[PDB]
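For reference, the structure is listed below as C-alpha cells.
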Amino acid sequence: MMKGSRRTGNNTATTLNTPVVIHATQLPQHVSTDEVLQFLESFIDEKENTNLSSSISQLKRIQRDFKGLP
Amino acid sequence: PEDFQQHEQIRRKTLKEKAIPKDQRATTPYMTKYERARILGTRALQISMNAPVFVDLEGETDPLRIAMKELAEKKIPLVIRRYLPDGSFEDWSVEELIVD
Amino acid sequence: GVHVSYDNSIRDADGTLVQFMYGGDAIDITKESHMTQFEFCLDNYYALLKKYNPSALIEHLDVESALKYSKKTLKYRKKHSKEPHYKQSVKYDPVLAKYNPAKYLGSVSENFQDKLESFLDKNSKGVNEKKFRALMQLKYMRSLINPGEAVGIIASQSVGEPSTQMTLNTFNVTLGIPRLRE
Amino acid sequence: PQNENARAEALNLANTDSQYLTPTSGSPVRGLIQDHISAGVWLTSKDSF
Amino acid sequence: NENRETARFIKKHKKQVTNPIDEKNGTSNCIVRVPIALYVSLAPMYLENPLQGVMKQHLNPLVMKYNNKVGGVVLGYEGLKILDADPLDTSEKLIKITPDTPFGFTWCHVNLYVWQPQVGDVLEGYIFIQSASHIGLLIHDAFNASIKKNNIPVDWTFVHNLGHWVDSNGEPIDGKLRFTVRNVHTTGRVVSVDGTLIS
C-alpha cells in the first residue's frame, strides 16, 4: 500500500545520501573539555562563514553547556 | 579496529606494488580506439550530470558532440588506467596520449 | 575471452598466454591492405604523408634504437641464408621480440623488411629512398593491432562464417566441412 | 541504446564506416551492388557526352 | 569447542574503550574522538570541488544522529582527507569513475567527535519535567534522558502540587541531577538514555 512507499521515503538511504562502509581505523581516544570547546568553536565557525542549520542549533546548546549556564 | 587498520595497510601496499611509475611504462603512446570510445562516453555522461565544462559550447545540445570538442582541445580531465594482465597498471592522462 | 593485451601478447581471460604477438607481426588485418602495395604508396606519397603525419609525432617515440638493431639483424641474416633452418645461429632474435612496435619506429616484421628492401633496390624513381623508408615504417606503426581487440571472436568468426559456403559433395581425401569437423 | 557510453560505441566502434573491410581476409564488403554497377559502364563510357 | 566459538560473537558486542570517571568529579567522559574511514560517492557536479561534495552529501547528513558503527551520536567532523587512487601531499588527486554511471567512488579519512554513553557511567543533566511516574531530563542541553519510578530511591517521595520532589532529607531537587546510566535506547530517530538513581 501507500506505507510501502512511505518507508522508501522514510528510509531514503541511497548511495548518494549514505557512505557505503564505515570502519573505525584506530581506537576511540578520549578528549578533554578544553578540546571539545576548542573544536566546537571551530566547527560552528567553519559552517557559518540549506541543511545543517537544524544540527548546528543543537551544537550551540552544547557549546553553551560546556562553559556557560542557562 | 586493529583488524581493519592492518587490512587497509595491506590494500594500499598491494596497490602501491602494482603501480608502474611514469618512467618505467612501456605501452603504446597512442589512444587505442577503445580508450577513445570510452573517454568520449564517460565525459559525455558526466557533462549531462552538470559537471563543469571546459569549452565554449556553441549551442550544442548533444553531450557527445561537446565531449568530442574537448578531446580536440585536450581539455578532458580523465586518466586511463591501462591494466597489464597480472593486475599491475599504468596511468596515462588523456592530455599526453596521441589521437589517431 | 582471448584478446590482445597491452604488451601485444595474445592472452586468454585468466591471463594464460596463447601467443606472443598477433600472428608474429602484430598487424591488424583490416589495416594491412596497401601495406605491401609500394607502387601505390609512392604515387600518392604527399597525400599519404599528411595522413601518417610524422611532424607532430617525433617527440613521443624513440626513432633510432630499433633502426640500429634492425640493420644488425639484416646484415647478419643475409650472411646466413644458404644454411638450413637447424644450422641457423641464434645471436640476433627478431626486432619485434626486442622492441615494442608501437613504441619504437623501425621495429618491423622481417618479412615486411625484406619486401621493402626488395622494392627499393629494383626501383630507382622529388621523393628520396630515405624518406620513403620513413613513411612505410610509420605506416607499419599505425597499422598495428590495438590492445583489447577481441582476436578470439574474430578468428572464430573468420572460419565458421566462410564454412557456410562449402557444404557441397564430391567435385580421395576428406573434403570441406567433415574434414574441418575432424 | 539507452545511455551515453553505448552511444559512444555505436558511433566509434560498431559504426558502418569502420566496417569497410572484413577481418576474414581484409577484403572490402561495402559497395554499390547491381544497377549502380551497370550505370557506371554507361556513364564512364566513351560515348557519354 | 565453545571456548573459541562464542569469542567471535562476544567480542563482536563488547565495546572497545570504556568511559572513565575523571577529574575527581565522579562524572564520566562520553565525548570521544575516533578516526574512521568511509567509501563515499563523489558526484560530477562536485568534480571541481571534491571536498565540498563529500561534506555536503555524506558528512553533513551524519551529524547529531546515532551511527551504529562508531556507536554514538556524531557531533562533528575534522580533517577530511581524500585518499588518492594514484599511489605516487598534492592537490591534483584522482578518483575512480564507475563504468555504468558518471559518479566516482573513493576512500576518505575523517576524525569524528562522537558522544558515547555506556552503562555504569555518570551523567549530570537538567531536570525539565518530573511527574508521578518518572524524572525526565536533558543531557548537555541536547540529549533526552529519563529516570523512571522503579529506579527512584524508596527514601524519596513525589510531593504533589506537575509536582515538586522530596529527597531523603525533605528537599526539592534542582535541575542538575547526578545519576547512573541504565540501557541506552537507540531504536527511534531520537537517542534515549534510560538511567537509574540507585547504586
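Naming scheme: A, B, ... for chains in displayed order of the C-alpha cells; residues 1 onward per chain; ligands 1 onward as shown.
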
Using only C-alpha atoms, find the residues of chain A whose closest atom to chain E is at most 6 Å away, then write them as a PDB file with N, CA, C and O atoms, in the first residue's frame.
```pdb
ATOM      1  N   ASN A  17      23.206   9.531  -0.447  1.00  0.00           N
ATOM      2  CA  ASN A  17      22.976  10.062   0.881  1.00  0.00           C
ATOM      3  C   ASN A  17      23.979   9.498   1.873  1.00  0.00           C
ATOM      4  O   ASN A  17      24.522  10.237   2.694  1.00  0.00           O
ATOM      5  N   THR A  18      24.254   8.202   1.794  1.00  0.00           N
ATOM      6  CA  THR A  18      24.988   7.494   2.822  1.00  0.00           C
ATOM      7  C   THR A  18      26.305   6.954   2.289  1.00  0.00           C
ATOM      8  O   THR A  18      26.409   6.627   1.105  1.00  0.00           O
ATOM      9  N   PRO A  19      27.322   6.833   3.138  1.00  0.00           N
ATOM     10  CA  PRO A  19      28.523   6.107   2.733  1.00  0.00           C
ATOM     11  C   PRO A  19      28.253   4.617   2.643  1.00  0.00           C
ATOM     12  O   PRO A  19      27.330   4.084   3.259  1.00  0.00           O
ATOM     13  N   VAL A  20      29.082   3.943   1.855  1.00  0.00           N
ATOM     14  CA  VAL A  20      28.873   2.524   1.611  1.00  0.00           C
ATOM     15  C   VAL A  20      29.319   1.703   2.809  1.00  0.00           C
ATOM     16  O   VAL A  20      28.569   0.864   3.316  1.00  0.00           O
ATOM     17  N   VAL A  21      30.541   1.924   3.280  1.00  0.00           N
ATOM     18  CA  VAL A  21      31.020   1.312   4.509  1.00  0.00           C
ATOM     19  C   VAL A  21      31.643   2.385   5.382  1.00  0.00           C
ATOM     20  O   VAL A  21      32.159   3.393   4.897  1.00  0.00           O
ATOM     21  N   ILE A  22      31.570   2.165   6.688  1.00  0.00           N
ATOM     22  CA  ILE A  22      32.245   2.979   7.685  1.00  0.00           C
ATOM     23  C   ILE A  22      33.036   2.027   8.562  1.00  0.00           C
ATOM     24  O   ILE A  22      32.497   1.019   9.022  1.00  0.00           O
ATOM     25  N   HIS A  23      34.312   2.315   8.761  1.00  0.00           N
ATOM     26  CA  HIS A  23      35.150   1.498   9.618  1.00  0.00           C
ATOM     27  C   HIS A  23      36.001   2.408  10.474  1.00  0.00           C
ATOM     28  O   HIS A  23      36.665   3.302   9.948  1.00  0.00           O
ATOM     29  N   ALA A  24      35.985   2.183  11.782  1.00  0.00           N
ATOM     30  CA  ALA A  24      36.906   2.888  12.655  1.00  0.00           C
ATOM     31  C   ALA A  24      38.308   2.362  12.417  1.00  0.00           C
ATOM     32  O   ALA A  24      38.532   1.151  12.435  1.00  0.00           O
ATOM     33  N   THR A  25      39.253   3.265  12.187  1.00  0.00           N
ATOM     34  CA  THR A  25      40.591   2.843  11.813  1.00  0.00           C
ATOM     35  C   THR A  25      41.552   2.765  12.991  1.00  0.00           C
ATOM     36  O   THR A  25      42.629   2.184  12.848  1.00  0.00           O
ATOM     37  N   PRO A  28      38.989   4.595  19.795  1.00  0.00           N
ATOM     38  CA  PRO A  28      38.483   5.896  20.239  1.00  0.00           C
ATOM     39  C   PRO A  28      39.264   6.441  21.422  1.00  0.00           C
ATOM     40  O   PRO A  28      39.251   5.867  22.512  1.00  0.00           O
ATOM     41  N   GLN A  29      39.953   7.552  21.201  1.00  0.00           N
ATOM     42  CA  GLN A  29      40.790   8.192  22.205  1.00  0.00           C
ATOM     43  C   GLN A  29      40.039   9.383  22.782  1.00  0.00           C
ATOM     44  O   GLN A  29      39.598  10.256  22.030  1.00  0.00           O
ATOM     45  N   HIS A  30      39.875   9.404  24.105  1.00  0.00           N
ATOM     46  CA  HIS A  30      39.047  10.411  24.755  1.00  0.00           C
ATOM     47  C   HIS A  30      39.682  11.791  24.670  1.00  0.00           C
ATOM     48  O   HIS A  30      40.885  11.942  24.458  1.00  0.00           O
ATOM     49  N   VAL A  31      38.842  12.809  24.824  1.00  0.00           N
ATOM     50  CA  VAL A  31      39.272  14.194  24.759  1.00  0.00           C
ATOM     51  C   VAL A  31      38.887  14.892  26.053  1.00  0.00           C
ATOM     52  O   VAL A  31      38.218  14.330  26.918  1.00  0.00           O
ATOM     53  N   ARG A  61      23.705  24.642  21.823  1.00  0.00           N
ATOM     54  CA  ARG A  61      23.286  24.333  23.181  1.00  0.00           C
ATOM     55  C   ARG A  61      24.382  23.611  23.939  1.00  0.00           C
ATOM     56  O   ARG A  61      24.540  23.814  25.147  1.00  0.00           O
ATOM     57  N   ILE A  62      25.154  22.785  23.248  1.00  0.00           N
ATOM     58  CA  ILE A  62      26.246  22.077  23.890  1.00  0.00           C
ATOM     59  C   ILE A  62      27.456  22.990  24.047  1.00  0.00           C
ATOM     60  O   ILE A  62      28.234  22.832  24.993  1.00  0.00           O
ATOM     61  N   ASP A  65      26.672  24.692  26.953  1.00  0.00           N
ATOM     62  CA  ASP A  65      26.692  23.768  28.076  1.00  0.00           C
ATOM     63  C   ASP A  65      28.067  23.622  28.708  1.00  0.00           C
ATOM     64  O   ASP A  65      28.178  23.632  29.937  1.00  0.00           O
TER      65      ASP A  65
END
```

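Within 12 Å of chain D, and using only C-alpha atoms, the residues found on chain E are residues 98, 99, 100, 101 and 102 of chain E.
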
Keeping only N, CA, C and O atoms, write the selected residues as a PDB file, in the first residue's frame.
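The resulting file, again.pdb, is reproduced below:
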```
ATOM      1  N   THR E  98      32.933   4.869 -11.894  1.00  0.00           N
ATOM      2  CA  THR E  98      32.272   3.610 -12.203  1.00  0.00           C
ATOM      3  C   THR E  98      32.025   3.499 -13.705  1.00  0.00           C
ATOM      4  O   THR E  98      31.920   4.514 -14.395  1.00  0.00           O
ATOM      5  N   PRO E  99      31.944   2.279 -14.244  1.00  0.00           N
ATOM      6  CA  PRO E  99      31.688   2.158 -15.686  1.00  0.00           C
ATOM      7  C   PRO E  99      30.289   2.563 -16.106  1.00  0.00           C
ATOM      8  O   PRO E  99      30.139   3.285 -17.096  1.00  0.00           O
ATOM      9  N   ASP E 100      29.262   2.135 -15.377  1.00  0.00           N
ATOM     10  CA  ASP E 100      27.891   2.366 -15.816  1.00  0.00           C
ATOM     11  C   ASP E 100      27.477   3.819 -15.634  1.00  0.00           C
ATOM     12  O   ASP E 100      26.862   4.416 -16.522  1.00  0.00           O
ATOM     13  N   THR E 101      27.797   4.397 -14.493  1.00  0.00           N
ATOM     14  CA  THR E 101      27.334   5.706 -14.075  1.00  0.00           C
ATOM     15  C   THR E 101      28.473   6.711 -14.121  1.00  0.00           C
ATOM     16  O   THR E 101      29.643   6.329 -14.049  1.00  0.00           O
ATOM     17  N   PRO E 102      28.182   8.007 -14.237  1.00  0.00           N
ATOM     18  CA  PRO E 102      29.250   9.005 -14.204  1.00  0.00           C
ATOM     19  C   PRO E 102      29.763   9.348 -12.818  1.00  0.00           C
ATOM     20  O   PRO E 102      30.511  10.318 -12.687  1.00  0.00           O
TER      21      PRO E 102
END
```

Next item on the list: Name all residues at most 9 Å from stretch 37-44 of chain C (count only C-alpha atoms; drop same-chain ones fewer than 5 positions away) and give them as a list in words.
Entry: residues 49, 116, 119, 127, 132, 135 and 136 of chain C

Check: So which residues touch stretch 16-25 of chain D within 10 Å, counting only C-alpha atoms, skipping near sequence neighbours fewer than 6 positions away, as a list in words?
Finding: residues 28, 29, 30, 31, 33, 151, 154, 155, 156, 157, 158, 159, 161 and 162 of chain C; 10 and 31 of chain D

Store the residues of this selection in a file with N, CA and C atoms, as a tab-separated table (two decimals), in the first residue's frame.
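Generated output (out05.tsv):
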```tsv
chain	number	residue	atom	x	y	z
C	28	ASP	N	47.01	-5.51	-37.67
C	28	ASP	CA	45.58	-5.72	-37.86
C	28	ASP	C	45.32	-6.11	-39.30
C	29	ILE	N	44.37	-7.03	-39.51
C	29	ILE	CA	44.08	-7.50	-40.86
C	29	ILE	C	43.39	-6.40	-41.65
C	30	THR	N	42.54	-5.61	-41.01
C	30	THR	CA	41.81	-4.54	-41.66
C	30	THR	C	42.65	-3.29	-41.91
C	31	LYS	N	43.97	-3.39	-41.77
C	31	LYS	CA	44.86	-2.26	-41.96
C	31	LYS	C	45.93	-2.60	-42.99
C	33	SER	N	46.23	-3.62	-45.97
C	33	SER	CA	45.87	-3.95	-47.33
C	33	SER	C	46.86	-3.35	-48.30
C	151	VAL	N	40.57	-10.68	-30.62
C	151	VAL	CA	41.06	-11.50	-31.72
C	151	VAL	C	40.67	-12.95	-31.60
C	154	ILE	N	37.02	-12.90	-33.49
C	154	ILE	CA	37.27	-12.62	-34.90
C	154	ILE	C	37.87	-13.83	-35.61
C	155	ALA	N	38.80	-14.53	-34.95
C	155	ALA	CA	39.42	-15.69	-35.56
C	155	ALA	C	38.45	-16.85	-35.68
C	156	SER	N	37.46	-16.91	-34.80
C	156	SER	CA	36.43	-17.93	-34.88
C	156	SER	C	35.31	-17.55	-35.83
C	157	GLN	N	35.05	-16.26	-36.00
C	157	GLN	CA	34.10	-15.80	-36.99
C	157	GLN	C	34.68	-15.74	-38.38
C	158	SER	N	35.99	-15.88	-38.52
C	158	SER	CA	36.61	-15.90	-39.83
C	158	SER	C	36.81	-17.31	-40.35
C	159	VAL	N	36.38	-18.31	-39.58
C	159	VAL	CA	36.44	-19.69	-40.00
C	159	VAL	C	35.05	-20.30	-40.08
C	161	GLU	N	32.25	-18.66	-40.46
C	161	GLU	CA	31.40	-17.97	-41.43
C	161	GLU	C	31.71	-18.34	-42.88
C	162	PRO	N	32.96	-18.45	-43.35
C	162	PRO	CA	33.14	-18.99	-44.70
C	162	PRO	C	32.94	-20.49	-44.81
D	10	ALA	N	28.39	2.86	-30.59
D	10	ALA	CA	27.72	2.66	-31.86
D	10	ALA	C	28.12	3.71	-32.88
D	31	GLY	N	29.87	-1.71	-50.96
D	31	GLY	CA	29.94	-1.10	-52.27
D	31	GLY	C	28.59	-1.16	-52.94
```

Margin query: Can you tell me which residues surround residue B:33 at a distance of at most 9 Å, considering only C-alpha atoms, apart from same-chain residues fewer than 4 positions away, and format the answer as a list in words?
Written below: residues 37, 38, 99 and 100 of chain B; 146 of chain C; 12 and 13 of chain D

Next item on the list: Using only C-alpha atoms, determine which residues of chain B fall within 8 Å of chain A; present them as a PyMOL selection string.
Entry: chain B and resi 1-2+4-5

Could the residues in this selection be saved with N, CA and C atoms as a PDB file, in the first residue's frame?
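What follows is the written file selection_20.pdb:
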```pdb
ATOM      1  N   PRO B   1      38.914  -2.999  14.740  1.00  0.00           N
ATOM      2  CA  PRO B   1      39.632  -1.724  14.639  1.00  0.00           C
ATOM      3  C   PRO B   1      41.103  -1.910  14.289  1.00  0.00           C
ATOM      4  N   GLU B   2      41.780  -2.855  14.942  1.00  0.00           N
ATOM      5  CA  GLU B   2      43.115  -3.234  14.512  1.00  0.00           C
ATOM      6  C   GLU B   2      43.070  -4.134  13.293  1.00  0.00           C
ATOM      7  N   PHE B   4      41.020  -3.879  10.830  1.00  0.00           N
ATOM      8  CA  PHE B   4      40.818  -3.066   9.640  1.00  0.00           C
ATOM      9  C   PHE B   4      42.042  -2.231   9.321  1.00  0.00           C
ATOM     10  N   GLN B   5      42.717  -1.714  10.347  1.00  0.00           N
ATOM     11  CA  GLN B   5      43.918  -0.918  10.125  1.00  0.00           C
ATOM     12  C   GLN B   5      45.018  -1.752   9.495  1.00  0.00           C
TER      13      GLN B   5
END
```

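For the atom pair formed by atom CA of residue B:63 and atom CA of residue B:39, the distance is 12.5 Å, given to one decimal.
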
Chain C near chain B within 9 Å: what's each residue's closest atom pair and its distance in Å to one decimal, counting only C-alpha atoms, ordered by chain then ascending residue number, as a Markdown table?
```
| residue | atom | partner | partner_atom | distance |
| --- | --- | --- | --- | --- |
| C:5 | CA | B:84 | CA | 7.1 |
| C:6 | CA | B:27 | CA | 6.2 |
| C:7 | CA | B:27 | CA | 6.4 |
| C:8 | CA | B:27 | CA | 8.8 |
| C:11 | CA | B:85 | CA | 8.4 |
| C:13 | CA | B:85 | CA | 8.8 |
| C:14 | CA | B:85 | CA | 8.3 |
| C:15 | CA | B:85 | CA | 5.8 |
| C:57 | CA | B:98 | CA | 8.5 |
| C:60 | CA | B:29 | CA | 7.0 |
| C:61 | CA | B:29 | CA | 7.7 |
| C:100 | CA | B:27 | CA | 7.8 |
| C:101 | CA | B:28 | CA | 8.5 |
| C:102 | CA | B:28 | CA | 5.4 |
| C:103 | CA | B:28 | CA | 5.7 |
| C:142 | CA | B:100 | CA | 8.6 |
| C:146 | CA | B:32 | CA | 5.8 |
| C:147 | CA | B:32 | CA | 6.8 |
| C:148 | CA | B:34 | CA | 7.7 |
| C:149 | CA | B:34 | CA | 8.8 |
```

For those residues, write N, CA and C atoms to a file as a PDB file, in the first residue's frame.
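Just written: part-v9.pdb:
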```pdb
ATOM      1  N   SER C   5      46.632  -8.092 -25.433  1.00  0.00           N
ATOM      2  CA  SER C   5      46.986  -7.371 -24.227  1.00  0.00           C
ATOM      3  C   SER C   5      47.750  -6.102 -24.565  1.00  0.00           C
ATOM      4  N   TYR C   6      48.163  -5.376 -23.531  1.00  0.00           N
ATOM      5  CA  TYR C   6      48.863  -4.123 -23.759  1.00  0.00           C
ATOM      6  C   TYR C   6      50.338  -4.308 -24.050  1.00  0.00           C
ATOM      7  N   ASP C   7      50.903  -5.468 -23.738  1.00  0.00           N
ATOM      8  CA  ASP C   7      52.255  -5.804 -24.156  1.00  0.00           C
ATOM      9  C   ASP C   7      52.264  -6.610 -25.443  1.00  0.00           C
ATOM     10  N   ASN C   8      51.191  -6.499 -26.223  1.00  0.00           N
ATOM     11  CA  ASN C   8      50.989  -7.084 -27.546  1.00  0.00           C
ATOM     12  C   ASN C   8      51.016  -8.602 -27.557  1.00  0.00           C
ATOM     13  N   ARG C  11      46.472 -13.112 -25.047  1.00  0.00           N
ATOM     14  CA  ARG C  11      46.257 -13.847 -23.817  1.00  0.00           C
ATOM     15  C   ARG C  11      44.803 -14.235 -23.684  1.00  0.00           C
ATOM     16  N   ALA C  13      41.463 -15.042 -20.935  1.00  0.00           N
ATOM     17  CA  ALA C  13      40.833 -14.167 -19.960  1.00  0.00           C
ATOM     18  C   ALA C  13      41.443 -14.309 -18.579  1.00  0.00           C
ATOM     19  N   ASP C  14      41.896 -15.504 -18.215  1.00  0.00           N
ATOM     20  CA  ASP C  14      42.535 -15.689 -16.923  1.00  0.00           C
ATOM     21  C   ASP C  14      43.997 -15.285 -16.918  1.00  0.00           C
ATOM     22  N   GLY C  15      44.532 -14.846 -18.046  1.00  0.00           N
ATOM     23  CA  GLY C  15      45.906 -14.423 -18.123  1.00  0.00           C
ATOM     24  C   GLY C  15      46.848 -15.430 -18.727  1.00  0.00           C
ATOM     25  N   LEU C  57      54.922  14.021 -34.287  1.00  0.00           N
ATOM     26  CA  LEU C  57      54.983  12.685 -33.729  1.00  0.00           C
ATOM     27  C   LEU C  57      56.391  12.236 -33.355  1.00  0.00           C
ATOM     28  N   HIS C  60      57.360  11.788 -29.244  1.00  0.00           N
ATOM     29  CA  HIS C  60      56.688  10.868 -28.341  1.00  0.00           C
ATOM     30  C   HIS C  60      57.158   9.435 -28.505  1.00  0.00           C
ATOM     31  N   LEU C  61      58.149   9.194 -29.352  1.00  0.00           N
ATOM     32  CA  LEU C  61      58.563   7.838 -29.649  1.00  0.00           C
ATOM     33  C   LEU C  61      60.037   7.843 -30.006  1.00  0.00           C
ATOM     34  N   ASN C 100      58.996  -2.762 -28.755  1.00  0.00           N
ATOM     35  CA  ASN C 100      57.556  -2.663 -28.923  1.00  0.00           C
ATOM     36  C   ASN C 100      57.250  -1.976 -30.250  1.00  0.00           C
ATOM     37  N   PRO C 101      56.427  -2.578 -31.118  1.00  0.00           N
ATOM     38  CA  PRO C 101      56.190  -1.990 -32.443  1.00  0.00           C
ATOM     39  C   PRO C 101      55.463  -0.675 -32.423  1.00  0.00           C
ATOM     40  N   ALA C 102      54.737  -0.366 -31.363  1.00  0.00           N
ATOM     41  CA  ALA C 102      54.032   0.896 -31.266  1.00  0.00           C
ATOM     42  C   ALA C 102      54.799   1.919 -30.461  1.00  0.00           C
ATOM     43  N   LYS C 103      55.961   1.554 -29.940  1.00  0.00           N
ATOM     44  CA  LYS C 103      56.795   2.458 -29.169  1.00  0.00           C
ATOM     45  C   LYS C 103      58.036   2.894 -29.923  1.00  0.00           C
ATOM     46  N   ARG C 142      51.328   2.447 -37.581  1.00  0.00           N
ATOM     47  CA  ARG C 142      49.946   2.871 -37.462  1.00  0.00           C
ATOM     48  C   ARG C 142      48.968   1.818 -37.936  1.00  0.00           C
ATOM     49  N   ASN C 146      45.192  -3.211 -32.097  1.00  0.00           N
ATOM     50  CA  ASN C 146      45.059  -2.415 -30.890  1.00  0.00           C
ATOM     51  C   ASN C 146      44.895  -3.308 -29.672  1.00  0.00           C
ATOM     52  N   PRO C 147      45.387  -2.875 -28.516  1.00  0.00           N
ATOM     53  CA  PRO C 147      45.246  -3.690 -27.310  1.00  0.00           C
ATOM     54  C   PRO C 147      43.813  -3.671 -26.811  1.00  0.00           C
ATOM     55  N   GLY C 148      43.311  -4.838 -26.455  1.00  0.00           N
ATOM     56  CA  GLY C 148      41.917  -5.004 -26.141  1.00  0.00           C
ATOM     57  C   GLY C 148      41.098  -5.568 -27.273  1.00  0.00           C
ATOM     58  N   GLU C 149      41.684  -5.713 -28.456  1.00  0.00           N
ATOM     59  CA  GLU C 149      40.974  -6.246 -29.610  1.00  0.00           C
ATOM     60  C   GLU C 149      40.617  -7.703 -29.394  1.00  0.00           C
TER      61      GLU C 149
END
```

Check: Just how far from atom CA of residue C:78 is atom CA of residue C:9, in Å to one decimal?
Finding: 28.5 Å
